[PDB]
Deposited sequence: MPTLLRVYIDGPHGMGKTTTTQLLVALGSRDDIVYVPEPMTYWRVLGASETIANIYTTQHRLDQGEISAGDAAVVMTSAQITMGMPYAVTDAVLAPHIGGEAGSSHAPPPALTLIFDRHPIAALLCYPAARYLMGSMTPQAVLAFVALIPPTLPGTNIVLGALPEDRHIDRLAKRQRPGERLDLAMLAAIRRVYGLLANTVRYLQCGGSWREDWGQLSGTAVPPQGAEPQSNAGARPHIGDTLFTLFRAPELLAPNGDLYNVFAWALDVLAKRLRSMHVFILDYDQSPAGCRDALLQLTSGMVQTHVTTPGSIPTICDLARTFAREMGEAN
């Protein structure tokens, strides 16, 4: 059957990601803004940033924050999750392509990166983070993930110029999310170089050091037993983390250039990306409508 190329442009918010994808037999699955502001719940982006503000202000407790942040992250990841579930059966083994699917973010942004960042923010429990991790859908073949690079001071500049409605400029949240995605990129390399977190776990007390991968975040006292040992349930959540990330193809896009440049840069990276066959000839058209319908309904 025809081949399909899927590209998930992910990374921290405030880099120009949505723009450069606009700038690119190619369909675009944008940011689920209408689902975040209306369909799933009322103004979720606003709810998220206010809560952190309240928490930071001490007007609420960490536990209230957590209960709100955990509930909000469910809403934020819903469109990403169904799309993947409805898409999964059409994806065949790894294989110009007959269809290029450009996505605005992968499911891991809602199910992993933002939760870890919010945990780093004091607004989410590490146990919840692992619950979302356990819920990460099996990584299909041809999962090419593009993460962005941008010097911090420059990022503060782009971050400022484009806050979604309800957003607040939280530089603390900018540092946590940037940290989380940096670790995510390291975790993939670590894993692909044969890294075994169980073996390198003690080091927390070619290939990155386990202390430079996401695994270092789960060395939290809530997840450890009176003797330091990670509880098995959590250890298993890490086995899933390892599993999900290892088959992902990560590509780095430098956002410290102009929109036409980022667009150009994104097109070059496209060559080393993994393609796949679809499961039926009629998967291409179906995938198309899916994307085109997702956009029409949830795009804003």
Identify which parts of the deposited sequence carry no C-alpha coordinates, going from the N-terminal end onward. 25 to 31, 103 to 108, 219 to 234, 330 to 331
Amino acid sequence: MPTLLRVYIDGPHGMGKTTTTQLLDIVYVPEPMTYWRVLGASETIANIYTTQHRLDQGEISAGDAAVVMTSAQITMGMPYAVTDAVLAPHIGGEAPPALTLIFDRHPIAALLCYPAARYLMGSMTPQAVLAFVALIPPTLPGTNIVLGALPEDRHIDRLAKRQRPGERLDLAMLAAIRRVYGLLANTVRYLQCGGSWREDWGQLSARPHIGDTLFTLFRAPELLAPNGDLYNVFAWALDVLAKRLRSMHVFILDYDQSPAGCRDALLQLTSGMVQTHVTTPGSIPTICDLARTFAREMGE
From here on, numbers count along this sequence of modelled residues.
Per the entry, higher mean C-alpha B factor between 121 to 129 and 107 to 115: 121 to 129
When the C-alpha temperature factors are averaged for each of 79 to 87 and 158 to 166, which stretch ends up with the higher value in the entry? 158 to 166
Specify which of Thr187, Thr139, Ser205, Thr216 carries the largest Cα B factor in the deposited PDB entry. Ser205
According to the PDB entry, is the CA B factor of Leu39 in the bottom, middle or top third of its chain, that is, lowest, middle or highest? lowest
Assert third(CA B-factor, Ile210) within chain per record equals middle
Sorting by Cα B-factor within the chain, modelled residues only, which third would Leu171 end up in: lowest, middle or highest? highest
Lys243 - Cα temperature factor, lowest/middle/highest third of chain: middle
Third of chain Cα B-factors occupied by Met1: highest
